[PDB]
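What follows is the content of upload-v7.cif (mmCIF, N, CA and C atoms).
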```cif
data_final
#
loop_
_atom_site.group_PDB
_atom_site.id
_atom_site.type_symbol
_atom_site.label_atom_id
_atom_site.label_comp_id
_atom_site.auth_asym_id
_atom_site.auth_seq_id
_atom_site.Cartn_x
_atom_site.Cartn_y
_atom_site.Cartn_z
ATOM 1 N N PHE A 1 -35.949 -105.559 -99.816
ATOM 2 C CA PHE A 1 -35.595 -104.318 -100.529
ATOM 3 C C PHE A 1 -36.535 -103.175 -100.169
ATOM 4 N N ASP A 2 -36.023 -102.195 -99.424
ATOM 5 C CA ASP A 2 -36.760 -100.958 -99.145
ATOM 6 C C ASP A 2 -36.364 -99.891 -100.149
ATOM 7 N N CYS A 3 -37.234 -99.650 -101.124
ATOM 8 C CA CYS A 3 -36.930 -98.727 -102.211
ATOM 9 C C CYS A 3 -38.138 -98.542 -103.120
ATOM 10 N N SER A 4 -38.076 -97.562 -104.010
ATOM 11 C CA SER A 4 -39.218 -97.320 -104.874
ATOM 12 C C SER A 4 -39.407 -98.511 -105.814
ATOM 13 N N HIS A 5 -40.593 -98.675 -106.380
ATOM 14 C CA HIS A 5 -40.814 -99.749 -107.340
ATOM 15 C C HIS A 5 -39.978 -99.591 -108.617
ATOM 16 N N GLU A 6 -39.550 -98.373 -108.953
ATOM 17 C CA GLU A 6 -38.663 -98.190 -110.113
ATOM 18 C C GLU A 6 -37.273 -98.709 -109.784
ATOM 19 N N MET A 7 -36.824 -98.466 -108.555
ATOM 20 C CA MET A 7 -35.553 -99.016 -108.081
ATOM 21 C C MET A 7 -35.619 -100.530 -108.053
ATOM 22 N N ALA A 8 -36.766 -101.064 -107.655
ATOM 23 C CA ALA A 8 -36.944 -102.497 -107.529
ATOM 24 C C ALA A 8 -36.897 -103.180 -108.901
ATOM 25 N N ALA A 9 -37.509 -102.570 -109.906
ATOM 26 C CA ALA A 9 -37.430 -103.094 -111.257
ATOM 27 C C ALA A 9 -35.981 -103.135 -111.708
ATOM 28 N N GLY A 10 -35.245 -102.085 -111.378
ATOM 29 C CA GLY A 10 -33.845 -101.995 -111.754
ATOM 30 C C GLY A 10 -32.954 -102.996 -111.030
ATOM 31 N N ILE A 11 -33.213 -103.238 -109.746
ATOM 32 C CA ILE A 11 -32.316 -104.058 -108.953
ATOM 33 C C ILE A 11 -32.557 -105.535 -109.287
ATOM 34 N N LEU A 12 -33.793 -105.887 -109.628
ATOM 35 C CA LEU A 12 -34.092 -107.228 -110.120
ATOM 36 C C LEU A 12 -33.293 -107.598 -111.388
ATOM 37 N N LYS A 13 -33.182 -106.696 -112.361
ATOM 38 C CA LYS A 13 -32.402 -106.988 -113.569
ATOM 39 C C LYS A 13 -30.968 -107.309 -113.187
ATOM 40 N N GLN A 14 -30.405 -106.537 -112.263
ATOM 41 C CA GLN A 14 -29.035 -106.750 -111.832
ATOM 42 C C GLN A 14 -28.932 -108.092 -111.083
ATOM 43 N N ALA A 15 -30.002 -108.475 -110.403
ATOM 44 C CA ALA A 15 -29.971 -109.673 -109.597
ATOM 45 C C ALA A 15 -30.000 -110.897 -110.514
ATOM 46 N N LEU A 16 -30.672 -110.758 -111.647
ATOM 47 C CA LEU A 16 -30.749 -111.808 -112.662
ATOM 48 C C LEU A 16 -29.375 -112.035 -113.293
ATOM 49 N N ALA A 17 -28.780 -110.955 -113.773
ATOM 50 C CA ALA A 17 -27.428 -110.954 -114.287
ATOM 51 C C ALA A 17 -26.458 -111.641 -113.338
ATOM 52 N N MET A 18 -26.769 -111.594 -112.053
ATOM 53 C CA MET A 18 -25.833 -112.042 -111.027
ATOM 54 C C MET A 18 -26.103 -113.471 -110.559
ATOM 55 N N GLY A 19 -27.067 -114.124 -111.188
ATOM 56 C CA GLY A 19 -27.377 -115.495 -110.859
ATOM 57 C C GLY A 19 -28.059 -115.603 -109.522
ATOM 58 N N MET A 20 -28.872 -114.600 -109.210
ATOM 59 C CA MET A 20 -29.522 -114.511 -107.900
ATOM 60 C C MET A 20 -31.042 -114.501 -108.006
ATOM 61 N N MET A 21 -31.580 -114.799 -109.187
ATOM 62 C CA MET A 21 -33.008 -115.075 -109.310
ATOM 63 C C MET A 21 -33.195 -116.582 -109.516
ATOM 64 N N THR A 22 -33.123 -117.319 -108.410
ATOM 65 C CA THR A 22 -33.331 -118.755 -108.407
ATOM 66 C C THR A 22 -34.085 -119.170 -107.141
ATOM 67 N N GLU A 23 -34.428 -120.445 -107.046
ATOM 68 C CA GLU A 23 -35.167 -120.986 -105.899
ATOM 69 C C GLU A 23 -34.457 -120.776 -104.557
ATOM 70 N N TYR A 24 -33.180 -120.417 -104.588
ATOM 71 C CA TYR A 24 -32.427 -120.205 -103.351
ATOM 72 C C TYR A 24 -32.730 -118.863 -102.690
ATOM 73 N N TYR A 25 -33.256 -117.914 -103.458
ATOM 74 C CA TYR A 25 -33.406 -116.548 -102.974
ATOM 75 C C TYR A 25 -34.867 -116.225 -102.718
ATOM 76 N N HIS A 26 -35.113 -115.525 -101.610
ATOM 77 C CA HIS A 26 -36.438 -114.992 -101.312
ATOM 78 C C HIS A 26 -36.373 -113.488 -100.987
ATOM 79 N N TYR A 27 -37.081 -112.692 -101.780
ATOM 80 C CA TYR A 27 -37.025 -111.238 -101.716
ATOM 81 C C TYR A 27 -38.350 -110.701 -101.238
ATOM 82 N N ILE A 28 -38.325 -109.943 -100.146
ATOM 83 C CA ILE A 28 -39.502 -109.206 -99.712
ATOM 84 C C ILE A 28 -39.379 -107.745 -100.144
ATOM 85 N N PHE A 29 -40.432 -107.226 -100.757
ATOM 86 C CA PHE A 29 -40.421 -105.859 -101.249
ATOM 87 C C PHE A 29 -41.283 -104.940 -100.429
ATOM 88 N N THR A 30 -40.676 -103.825 -100.076
ATOM 89 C CA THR A 30 -41.281 -102.853 -99.207
ATOM 90 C C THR A 30 -42.334 -102.075 -99.992
ATOM 91 N N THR A 31 -42.113 -101.897 -101.296
ATOM 92 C CA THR A 31 -42.993 -101.066 -102.117
ATOM 93 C C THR A 31 -44.402 -101.613 -102.310
ATOM 94 N N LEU A 32 -45.382 -100.716 -102.272
ATOM 95 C CA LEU A 32 -46.784 -101.073 -102.429
ATOM 96 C C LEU A 32 -47.149 -101.160 -103.899
ATOM 97 N N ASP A 33 -46.219 -100.742 -104.742
ATOM 98 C CA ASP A 33 -46.424 -100.762 -106.173
ATOM 99 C C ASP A 33 -45.727 -101.960 -106.792
ATOM 100 N N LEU A 34 -45.490 -102.973 -105.974
ATOM 101 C CA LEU A 34 -44.919 -104.216 -106.446
ATOM 102 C C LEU A 34 -45.682 -104.755 -107.643
ATOM 103 N N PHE A 35 -47.010 -104.681 -107.580
ATOM 104 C CA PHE A 35 -47.883 -105.224 -108.623
ATOM 105 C C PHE A 35 -47.694 -104.530 -109.981
ATOM 106 N N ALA A 36 -46.923 -103.450 -110.004
ATOM 107 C CA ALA A 36 -46.705 -102.678 -111.221
ATOM 108 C C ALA A 36 -45.495 -103.176 -111.993
ATOM 109 N N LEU A 37 -44.742 -104.080 -111.380
ATOM 110 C CA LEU A 37 -43.498 -104.542 -111.978
ATOM 111 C C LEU A 37 -43.762 -105.555 -113.081
ATOM 112 N N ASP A 38 -43.131 -105.354 -114.236
ATOM 113 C CA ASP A 38 -43.049 -106.398 -115.250
ATOM 114 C C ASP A 38 -42.399 -107.601 -114.595
ATOM 115 N N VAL A 39 -43.158 -108.674 -114.475
ATOM 116 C CA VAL A 39 -42.659 -109.877 -113.821
ATOM 117 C C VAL A 39 -42.414 -111.042 -114.825
ATOM 118 N N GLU A 40 -42.564 -110.750 -116.119
ATOM 119 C CA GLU A 40 -42.412 -111.753 -117.166
ATOM 120 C C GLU A 40 -41.000 -112.345 -117.200
ATOM 121 N N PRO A 41 -39.974 -111.515 -117.027
ATOM 122 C CA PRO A 41 -38.618 -112.068 -116.989
ATOM 123 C C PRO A 41 -38.294 -112.990 -115.805
ATOM 124 N N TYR A 42 -39.150 -113.103 -114.791
ATOM 125 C CA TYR A 42 -38.712 -113.765 -113.565
ATOM 126 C C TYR A 42 -39.621 -114.902 -113.085
ATOM 127 N N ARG A 43 -40.850 -114.982 -113.574
ATOM 128 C CA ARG A 43 -41.787 -115.968 -113.012
ATOM 129 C C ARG A 43 -41.467 -117.423 -113.303
ATOM 130 N N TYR A 44 -40.625 -117.692 -114.297
ATOM 131 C CA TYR A 44 -40.313 -119.078 -114.645
ATOM 132 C C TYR A 44 -39.092 -119.589 -113.879
ATOM 133 N N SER A 45 -38.444 -118.700 -113.134
ATOM 134 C CA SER A 45 -37.120 -118.979 -112.579
ATOM 135 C C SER A 45 -37.144 -119.691 -111.241
ATOM 136 N N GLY A 46 -38.247 -119.583 -110.516
ATOM 137 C CA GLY A 46 -38.319 -120.155 -109.182
ATOM 138 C C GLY A 46 -37.987 -119.221 -108.020
ATOM 139 N N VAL A 47 -37.550 -117.980 -108.264
ATOM 140 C CA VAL A 47 -37.344 -117.065 -107.134
ATOM 141 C C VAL A 47 -38.642 -116.872 -106.419
ATOM 142 N N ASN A 48 -38.509 -116.487 -105.163
ATOM 143 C CA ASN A 48 -39.632 -116.087 -104.353
ATOM 144 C C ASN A 48 -39.595 -114.579 -104.205
ATOM 145 N N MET A 49 -40.688 -113.930 -104.580
ATOM 146 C CA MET A 49 -40.848 -112.498 -104.382
ATOM 147 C C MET A 49 -42.140 -112.301 -103.630
ATOM 148 N N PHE B 1 -23.484 -130.185 -126.912
ATOM 149 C CA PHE B 1 -24.538 -129.908 -127.906
ATOM 150 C C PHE B 1 -24.034 -130.106 -129.329
ATOM 151 N N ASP B 2 -24.512 -131.162 -129.990
ATOM 152 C CA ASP B 2 -24.246 -131.379 -131.415
ATOM 153 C C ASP B 2 -25.392 -130.818 -132.238
ATOM 154 N N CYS B 3 -25.167 -129.656 -132.841
ATOM 155 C CA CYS B 3 -26.216 -128.959 -133.575
ATOM 156 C C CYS B 3 -25.664 -127.721 -134.270
ATOM 157 N N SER B 4 -26.452 -127.123 -135.150
ATOM 158 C CA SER B 4 -25.954 -125.960 -135.866
ATOM 159 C C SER B 4 -25.747 -124.807 -134.884
ATOM 160 N N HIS B 5 -24.939 -123.822 -135.245
ATOM 161 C CA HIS B 5 -24.756 -122.661 -134.382
ATOM 162 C C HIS B 5 -26.040 -121.841 -134.203
ATOM 163 N N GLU B 6 -26.989 -121.930 -135.137
ATOM 164 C CA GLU B 6 -28.278 -121.240 -134.955
ATOM 165 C C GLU B 6 -29.098 -121.953 -133.896
ATOM 166 N N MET B 7 -29.049 -123.284 -133.902
ATOM 167 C CA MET B 7 -29.699 -124.080 -132.861
ATOM 168 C C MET B 7 -29.069 -123.791 -131.513
ATOM 169 N N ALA B 8 -27.753 -123.623 -131.501
ATOM 170 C CA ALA B 8 -27.020 -123.398 -130.272
ATOM 171 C C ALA B 8 -27.376 -122.036 -129.660
ATOM 172 N N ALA B 9 -27.515 -121.013 -130.492
ATOM 173 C CA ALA B 9 -27.950 -119.715 -130.012
ATOM 174 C C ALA B 9 -29.323 -119.834 -129.379
ATOM 175 N N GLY B 10 -30.187 -120.611 -130.015
ATOM 176 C CA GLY B 10 -31.537 -120.804 -129.518
ATOM 177 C C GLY B 10 -31.600 -121.600 -128.222
ATOM 178 N N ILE B 11 -30.761 -122.624 -128.083
ATOM 179 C CA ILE B 11 -30.867 -123.520 -126.947
ATOM 180 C C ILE B 11 -30.258 -122.844 -125.714
ATOM 181 N N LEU B 12 -29.243 -122.006 -125.918
ATOM 182 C CA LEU B 12 -28.702 -121.192 -124.835
ATOM 183 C C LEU B 12 -29.755 -120.264 -124.194
ATOM 184 N N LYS B 13 -30.589 -119.596 -124.986
ATOM 185 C CA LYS B 13 -31.631 -118.730 -124.420
ATOM 186 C C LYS B 13 -32.541 -119.548 -123.522
ATOM 187 N N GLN B 14 -32.909 -120.744 -123.967
ATOM 188 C CA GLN B 14 -33.786 -121.604 -123.188
ATOM 189 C C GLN B 14 -33.059 -122.065 -121.913
ATOM 190 N N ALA B 15 -31.746 -122.211 -121.998
ATOM 191 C CA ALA B 15 -30.988 -122.726 -120.880
ATOM 192 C C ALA B 15 -30.891 -121.646 -119.801
ATOM 193 N N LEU B 16 -30.859 -120.393 -120.232
ATOM 194 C CA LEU B 16 -30.826 -119.241 -119.334
ATOM 195 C C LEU B 16 -32.144 -119.134 -118.566
ATOM 196 N N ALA B 17 -33.240 -119.127 -119.307
ATOM 197 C CA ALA B 17 -34.576 -119.161 -118.752
ATOM 198 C C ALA B 17 -34.728 -120.251 -117.703
ATOM 199 N N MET B 18 -33.951 -121.312 -117.848
ATOM 200 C CA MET B 18 -34.133 -122.505 -117.027
ATOM 201 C C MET B 18 -33.181 -122.556 -115.833
ATOM 202 N N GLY B 19 -32.401 -121.502 -115.658
ATOM 203 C CA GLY B 19 -31.497 -121.421 -114.535
ATOM 204 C C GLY B 19 -30.333 -122.362 -114.695
ATOM 205 N N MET B 20 -29.902 -122.536 -115.939
ATOM 206 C CA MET B 20 -28.850 -123.504 -116.265
ATOM 207 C C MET B 20 -27.638 -122.845 -116.912
ATOM 208 N N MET B 21 -27.573 -121.517 -116.891
ATOM 209 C CA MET B 21 -26.339 -120.820 -117.241
ATOM 210 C C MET B 21 -25.708 -120.275 -115.955
ATOM 211 N N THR B 22 -25.031 -121.165 -115.234
ATOM 212 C CA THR B 22 -24.323 -120.814 -114.017
ATOM 213 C C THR B 22 -23.014 -121.605 -113.930
ATOM 214 N N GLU B 23 -22.216 -121.319 -112.913
ATOM 215 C CA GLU B 23 -20.924 -121.984 -112.708
ATOM 216 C C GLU B 23 -21.029 -123.506 -112.573
ATOM 217 N N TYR B 24 -22.237 -124.021 -112.364
ATOM 218 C CA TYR B 24 -22.422 -125.464 -112.216
ATOM 219 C C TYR B 24 -22.395 -126.211 -113.546
ATOM 220 N N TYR B 25 -22.634 -125.501 -114.645
ATOM 221 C CA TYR B 25 -22.816 -126.146 -115.938
ATOM 222 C C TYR B 25 -21.619 -125.900 -116.836
ATOM 223 N N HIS B 26 -21.212 -126.948 -117.551
ATOM 224 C CA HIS B 26 -20.189 -126.830 -118.584
ATOM 225 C C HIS B 26 -20.668 -127.439 -119.915
ATOM 226 N N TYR B 27 -20.709 -126.609 -120.951
ATOM 227 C CA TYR B 27 -21.269 -126.968 -122.246
ATOM 228 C C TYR B 27 -20.172 -127.015 -123.279
ATOM 229 N N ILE B 28 -20.019 -128.161 -123.933
ATOM 230 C CA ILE B 28 -19.137 -128.261 -125.086
ATOM 231 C C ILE B 28 -19.964 -128.195 -126.370
ATOM 232 N N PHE B 29 -19.540 -127.348 -127.296
ATOM 233 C CA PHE B 29 -20.264 -127.167 -128.541
ATOM 234 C C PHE B 29 -19.549 -127.769 -129.719
ATOM 235 N N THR B 30 -20.320 -128.529 -130.471
ATOM 236 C CA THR B 30 -19.819 -129.281 -131.587
ATOM 237 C C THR B 30 -19.564 -128.325 -132.751
ATOM 238 N N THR B 31 -20.357 -127.260 -132.849
ATOM 239 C CA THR B 31 -20.279 -126.345 -133.989
ATOM 240 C C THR B 31 -18.989 -125.542 -134.086
ATOM 241 N N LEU B 32 -18.494 -125.385 -135.309
ATOM 242 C CA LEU B 32 -17.263 -124.654 -135.576
ATOM 243 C C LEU B 32 -17.543 -123.167 -135.681
ATOM 244 N N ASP B 33 -18.822 -122.827 -135.689
ATOM 245 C CA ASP B 33 -19.243 -121.446 -135.787
ATOM 246 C C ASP B 33 -19.631 -120.911 -134.421
ATOM 247 N N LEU B 34 -19.109 -121.549 -133.384
ATOM 248 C CA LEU B 34 -19.317 -121.093 -132.027
ATOM 249 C C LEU B 34 -18.982 -119.618 -131.883
ATOM 250 N N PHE B 35 -17.883 -119.197 -132.504
ATOM 251 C CA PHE B 35 -17.393 -117.821 -132.398
ATOM 252 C C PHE B 35 -18.373 -116.791 -132.977
ATOM 253 N N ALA B 36 -19.424 -117.263 -133.637
ATOM 254 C CA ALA B 36 -20.400 -116.387 -134.272
ATOM 255 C C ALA B 36 -21.540 -116.039 -133.329
ATOM 256 N N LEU B 37 -21.572 -116.702 -132.181
ATOM 257 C CA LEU B 37 -22.680 -116.531 -131.253
ATOM 258 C C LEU B 37 -22.546 -115.236 -130.467
ATOM 259 N N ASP B 38 -23.624 -114.459 -130.410
ATOM 260 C CA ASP B 38 -23.726 -113.367 -129.450
ATOM 261 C C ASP B 38 -23.545 -113.972 -128.071
ATOM 262 N N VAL B 39 -22.464 -113.594 -127.411
ATOM 263 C CA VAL B 39 -22.158 -114.142 -126.097
ATOM 264 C C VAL B 39 -22.346 -113.097 -124.959
ATOM 265 N N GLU B 40 -22.870 -111.923 -125.314
ATOM 266 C CA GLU B 40 -23.059 -110.834 -124.361
ATOM 267 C C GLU B 40 -24.023 -111.213 -123.234
ATOM 268 N N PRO B 41 -25.111 -111.911 -123.554
ATOM 269 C CA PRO B 41 -26.013 -112.341 -122.484
ATOM 270 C C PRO B 41 -25.443 -113.359 -121.485
ATOM 271 N N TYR B 42 -24.269 -113.942 -121.720
ATOM 272 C CA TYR B 42 -23.875 -115.092 -120.909
ATOM 273 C C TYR B 42 -22.498 -114.973 -120.248
ATOM 274 N N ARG B 43 -21.652 -114.055 -120.700
ATOM 275 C CA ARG B 43 -20.273 -114.028 -120.187
ATOM 276 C C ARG B 43 -20.118 -113.604 -118.736
ATOM 277 N N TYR B 44 -21.130 -112.963 -118.160
ATOM 278 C CA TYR B 44 -21.017 -112.494 -116.778
ATOM 279 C C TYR B 44 -21.521 -113.545 -115.787
ATOM 280 N N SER B 45 -22.078 -114.634 -116.307
ATOM 281 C CA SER B 45 -22.839 -115.576 -115.489
ATOM 282 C C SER B 45 -21.996 -116.644 -114.823
ATOM 283 N N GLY B 46 -20.820 -116.916 -115.368
ATOM 284 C CA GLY B 46 -19.991 -117.991 -114.851
ATOM 285 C C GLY B 46 -20.129 -119.349 -115.534
ATOM 286 N N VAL B 47 -21.055 -119.528 -116.484
ATOM 287 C CA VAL B 47 -21.096 -120.806 -117.205
ATOM 288 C C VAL B 47 -19.792 -121.012 -117.910
ATOM 289 N N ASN B 48 -19.523 -122.276 -118.176
ATOM 290 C CA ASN B 48 -18.401 -122.674 -118.992
ATOM 291 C C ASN B 48 -18.933 -123.112 -120.342
ATOM 292 N N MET B 49 -18.427 -122.489 -121.397
ATOM 293 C CA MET B 49 -18.744 -122.886 -122.760
ATOM 294 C C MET B 49 -17.433 -123.127 -123.463
#
```
Represent the structure of the file as structure tokens.
Amino acid sequence: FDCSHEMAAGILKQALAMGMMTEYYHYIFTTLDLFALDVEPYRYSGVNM
Amino acid sequence: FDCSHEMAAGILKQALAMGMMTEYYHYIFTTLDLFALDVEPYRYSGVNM
């Protein structure tokens, strides 16, 4: 995902809704502000970010 | 799931967290108050309830 960290926070929520935050998916983020993302909703799921 | 509808609301949240609300899972509910459950978090996911 090449996009701002605000876009990235938004697209992750949609990805969860879509059954795409699981061990099958690996997401590389272009943003340097990745560390700013609330990651509480996703760390238990097994996705790779 | 044989349990009260309040238990069922609770166990569904845990099932979501666990990557178990998807098209692979089919849940039959014993409770007659199934229709009382907030189903907004789950209807887009493809689970069968």
Same-sequence superposition of chain B onto chain A, all C-alpha, as a tab-separated table (two decimals) with N, CA and C atoms, keeping the file's coordinate frame:
```tsv
chain	number	residue	atom	x	y	z
B	1	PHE	N	-35.95	-105.56	-99.82
B	1	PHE	CA	-35.59	-104.32	-100.53
B	1	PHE	C	-36.54	-103.17	-100.17
B	2	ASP	N	-36.02	-102.19	-99.42
B	2	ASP	CA	-36.76	-100.96	-99.14
B	2	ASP	C	-36.36	-99.89	-100.15
B	3	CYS	N	-37.23	-99.65	-101.12
B	3	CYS	CA	-36.93	-98.73	-102.21
B	3	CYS	C	-38.14	-98.54	-103.12
B	4	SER	N	-38.07	-97.56	-104.01
B	4	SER	CA	-39.22	-97.32	-104.87
B	4	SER	C	-39.41	-98.51	-105.81
B	5	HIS	N	-40.59	-98.67	-106.38
B	5	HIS	CA	-40.81	-99.75	-107.34
B	5	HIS	C	-39.98	-99.59	-108.62
B	6	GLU	N	-39.55	-98.37	-108.95
B	6	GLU	CA	-38.66	-98.19	-110.11
B	6	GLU	C	-37.27	-98.71	-109.79
B	7	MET	N	-36.82	-98.47	-108.56
B	7	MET	CA	-35.55	-99.02	-108.08
B	7	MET	C	-35.62	-100.53	-108.05
B	8	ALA	N	-36.77	-101.06	-107.66
B	8	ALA	CA	-36.94	-102.50	-107.53
B	8	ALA	C	-36.90	-103.18	-108.90
B	9	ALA	N	-37.51	-102.57	-109.91
B	9	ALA	CA	-37.43	-103.09	-111.26
B	9	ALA	C	-35.98	-103.13	-111.71
B	10	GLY	N	-35.24	-102.08	-111.38
B	10	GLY	CA	-33.85	-102.00	-111.75
B	10	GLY	C	-32.96	-103.00	-111.03
B	11	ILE	N	-33.21	-103.24	-109.75
B	11	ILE	CA	-32.32	-104.06	-108.95
B	11	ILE	C	-32.56	-105.53	-109.29
B	12	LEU	N	-33.79	-105.89	-109.63
B	12	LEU	CA	-34.09	-107.23	-110.12
B	12	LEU	C	-33.29	-107.60	-111.39
B	13	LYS	N	-33.18	-106.70	-112.36
B	13	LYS	CA	-32.40	-106.99	-113.57
B	13	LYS	C	-30.97	-107.31	-113.19
B	14	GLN	N	-30.41	-106.54	-112.26
B	14	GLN	CA	-29.03	-106.75	-111.83
B	14	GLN	C	-28.93	-108.09	-111.08
B	15	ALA	N	-30.00	-108.47	-110.40
B	15	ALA	CA	-29.97	-109.67	-109.60
B	15	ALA	C	-30.00	-110.90	-110.51
B	16	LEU	N	-30.67	-110.76	-111.65
B	16	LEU	CA	-30.75	-111.81	-112.66
B	16	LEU	C	-29.38	-112.03	-113.29
B	17	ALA	N	-28.78	-110.95	-113.77
B	17	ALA	CA	-27.43	-110.95	-114.29
B	17	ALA	C	-26.46	-111.64	-113.34
B	18	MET	N	-26.77	-111.59	-112.05
B	18	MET	CA	-25.83	-112.04	-111.03
B	18	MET	C	-26.10	-113.47	-110.56
B	19	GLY	N	-27.07	-114.12	-111.19
B	19	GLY	CA	-27.38	-115.50	-110.86
B	19	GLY	C	-28.06	-115.60	-109.52
B	20	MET	N	-28.87	-114.60	-109.21
B	20	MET	CA	-29.52	-114.51	-107.90
B	20	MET	C	-31.04	-114.50	-108.01
B	21	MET	N	-31.58	-114.80	-109.19
B	21	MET	CA	-33.01	-115.08	-109.31
B	21	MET	C	-33.19	-116.58	-109.52
B	22	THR	N	-33.12	-117.32	-108.41
B	22	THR	CA	-33.33	-118.75	-108.41
B	22	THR	C	-34.09	-119.17	-107.14
B	23	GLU	N	-34.43	-120.45	-107.05
B	23	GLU	CA	-35.17	-120.98	-105.90
B	23	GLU	C	-34.46	-120.78	-104.56
B	24	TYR	N	-33.18	-120.42	-104.59
B	24	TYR	CA	-32.43	-120.20	-103.35
B	24	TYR	C	-32.73	-118.86	-102.69
B	25	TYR	N	-33.26	-117.91	-103.46
B	25	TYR	CA	-33.41	-116.55	-102.97
B	25	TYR	C	-34.87	-116.23	-102.72
B	26	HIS	N	-35.11	-115.53	-101.61
B	26	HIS	CA	-36.44	-114.99	-101.31
B	26	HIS	C	-36.37	-113.49	-100.99
B	27	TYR	N	-37.08	-112.69	-101.78
B	27	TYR	CA	-37.03	-111.24	-101.72
B	27	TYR	C	-38.35	-110.70	-101.24
B	28	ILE	N	-38.33	-109.94	-100.15
B	28	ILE	CA	-39.50	-109.21	-99.71
B	28	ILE	C	-39.38	-107.74	-100.14
B	29	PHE	N	-40.43	-107.23	-100.76
B	29	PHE	CA	-40.42	-105.86	-101.25
B	29	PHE	C	-41.28	-104.94	-100.43
B	30	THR	N	-40.68	-103.82	-100.08
B	30	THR	CA	-41.28	-102.85	-99.21
B	30	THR	C	-42.33	-102.08	-99.99
B	31	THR	N	-42.11	-101.90	-101.29
B	31	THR	CA	-42.99	-101.07	-102.12
B	31	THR	C	-44.40	-101.61	-102.31
B	32	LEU	N	-45.38	-100.72	-102.27
B	32	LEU	CA	-46.79	-101.07	-102.43
B	32	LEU	C	-47.15	-101.16	-103.90
B	33	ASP	N	-46.22	-100.74	-104.74
B	33	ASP	CA	-46.42	-100.76	-106.17
B	33	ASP	C	-45.73	-101.96	-106.79
B	34	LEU	N	-45.49	-102.97	-105.97
B	34	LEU	CA	-44.92	-104.22	-106.45
B	34	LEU	C	-45.68	-104.75	-107.64
B	35	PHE	N	-47.01	-104.68	-107.58
B	35	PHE	CA	-47.88	-105.22	-108.62
B	35	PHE	C	-47.69	-104.53	-109.98
B	36	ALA	N	-46.92	-103.45	-110.00
B	36	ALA	CA	-46.71	-102.68	-111.22
B	36	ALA	C	-45.50	-103.18	-111.99
B	37	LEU	N	-44.74	-104.08	-111.38
B	37	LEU	CA	-43.50	-104.54	-111.98
B	37	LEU	C	-43.76	-105.55	-113.08
B	38	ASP	N	-43.13	-105.35	-114.24
B	38	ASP	CA	-43.05	-106.40	-115.25
B	38	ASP	C	-42.40	-107.60	-114.60
B	39	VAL	N	-43.16	-108.68	-114.47
B	39	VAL	CA	-42.66	-109.88	-113.82
B	39	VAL	C	-42.41	-111.04	-114.82
B	40	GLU	N	-42.56	-110.75	-116.12
B	40	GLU	CA	-42.41	-111.75	-117.17
B	40	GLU	C	-41.00	-112.34	-117.20
B	41	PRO	N	-39.97	-111.51	-117.03
B	41	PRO	CA	-38.62	-112.07	-116.99
B	41	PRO	C	-38.29	-112.99	-115.81
B	42	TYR	N	-39.15	-113.10	-114.79
B	42	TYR	CA	-38.71	-113.76	-113.56
B	42	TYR	C	-39.62	-114.90	-113.08
B	43	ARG	N	-40.85	-114.98	-113.57
B	43	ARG	CA	-41.79	-115.97	-113.01
B	43	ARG	C	-41.47	-117.42	-113.30
B	44	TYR	N	-40.62	-117.69	-114.30
B	44	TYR	CA	-40.31	-119.08	-114.65
B	44	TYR	C	-39.09	-119.59	-113.88
B	45	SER	N	-38.44	-118.70	-113.13
B	45	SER	CA	-37.12	-118.98	-112.58
B	45	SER	C	-37.14	-119.69	-111.24
B	46	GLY	N	-38.25	-119.58	-110.52
B	46	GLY	CA	-38.32	-120.15	-109.18
B	46	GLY	C	-37.99	-119.22	-108.02
B	47	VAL	N	-37.55	-117.98	-108.26
B	47	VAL	CA	-37.34	-117.06	-107.14
B	47	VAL	C	-38.64	-116.87	-106.42
B	48	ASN	N	-38.51	-116.49	-105.16
B	48	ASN	CA	-39.63	-116.09	-104.35
B	48	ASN	C	-39.59	-114.58	-104.20
B	49	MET	N	-40.69	-113.93	-104.58
B	49	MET	CA	-40.85	-112.50	-104.38
B	49	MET	C	-42.14	-112.30	-103.63
```
Interface residues on chain A facing chain B, 6 Å, all atoms listed in the file, written as a VMD selection string: chain A and resid 17 44 to 45
Among the residues B:40, B:7, B:15, B:1, the one that comes closest to residue B:28 [using all atoms listed in the file]: B:1
DSSP alpha helix (DSSP H) selection over chain B, as JSON, numbers by chain: {"B": [5, 6, 7, 8, 9, 10, 11, 12, 13, 14, 15, 16, 17]}
With 6 Å on each side, where is the centre of the axis-aligned box around all listed atoms of stretch 3-10 of chain B, and how long are its edges in Å to one decimal, as AutoDock Vina command-line options?
```
--center_x -28.2 --center_y -124.7 --center_z -132.0 --size_x 18.8 --size_y 21.9 --size_z 19.6
```
Take the point (-40.3, -99.1, -97.8) as written in the file and pick out every residue within 9 Å of it, counting only C-alpha atoms; give the list as an mmCIF file with N, CA and C atoms, in the coordinates of the input.
```
data_model
loop_
_atom_site.group_PDB
_atom_site.id
_atom_site.type_symbol
_atom_site.label_atom_id
_atom_site.label_comp_id
_atom_site.auth_asym_id
_atom_site.auth_seq_id
_atom_site.Cartn_x
_atom_site.Cartn_y
_atom_site.Cartn_z
ATOM 1 N N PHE A 1 -35.949 -105.559 -99.816
ATOM 2 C CA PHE A 1 -35.595 -104.318 -100.529
ATOM 3 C C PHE A 1 -36.535 -103.175 -100.169
ATOM 4 N N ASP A 2 -36.023 -102.195 -99.424
ATOM 5 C CA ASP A 2 -36.760 -100.958 -99.145
ATOM 6 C C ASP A 2 -36.364 -99.891 -100.149
ATOM 7 N N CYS A 3 -37.234 -99.650 -101.124
ATOM 8 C CA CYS A 3 -36.930 -98.727 -102.211
ATOM 9 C C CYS A 3 -38.138 -98.542 -103.120
ATOM 10 N N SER A 4 -38.076 -97.562 -104.010
ATOM 11 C CA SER A 4 -39.218 -97.320 -104.874
ATOM 12 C C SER A 4 -39.407 -98.511 -105.814
ATOM 13 N N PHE A 29 -40.432 -107.226 -100.757
ATOM 14 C CA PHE A 29 -40.421 -105.859 -101.249
ATOM 15 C C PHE A 29 -41.283 -104.940 -100.429
ATOM 16 N N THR A 30 -40.676 -103.825 -100.076
ATOM 17 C CA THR A 30 -41.281 -102.853 -99.207
ATOM 18 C C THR A 30 -42.334 -102.075 -99.992
ATOM 19 N N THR A 31 -42.113 -101.897 -101.296
ATOM 20 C CA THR A 31 -42.993 -101.066 -102.117
ATOM 21 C C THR A 31 -44.402 -101.613 -102.310
ATOM 22 N N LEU A 32 -45.382 -100.716 -102.272
ATOM 23 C CA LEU A 32 -46.784 -101.073 -102.429
ATOM 24 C C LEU A 32 -47.149 -101.160 -103.899
#
```
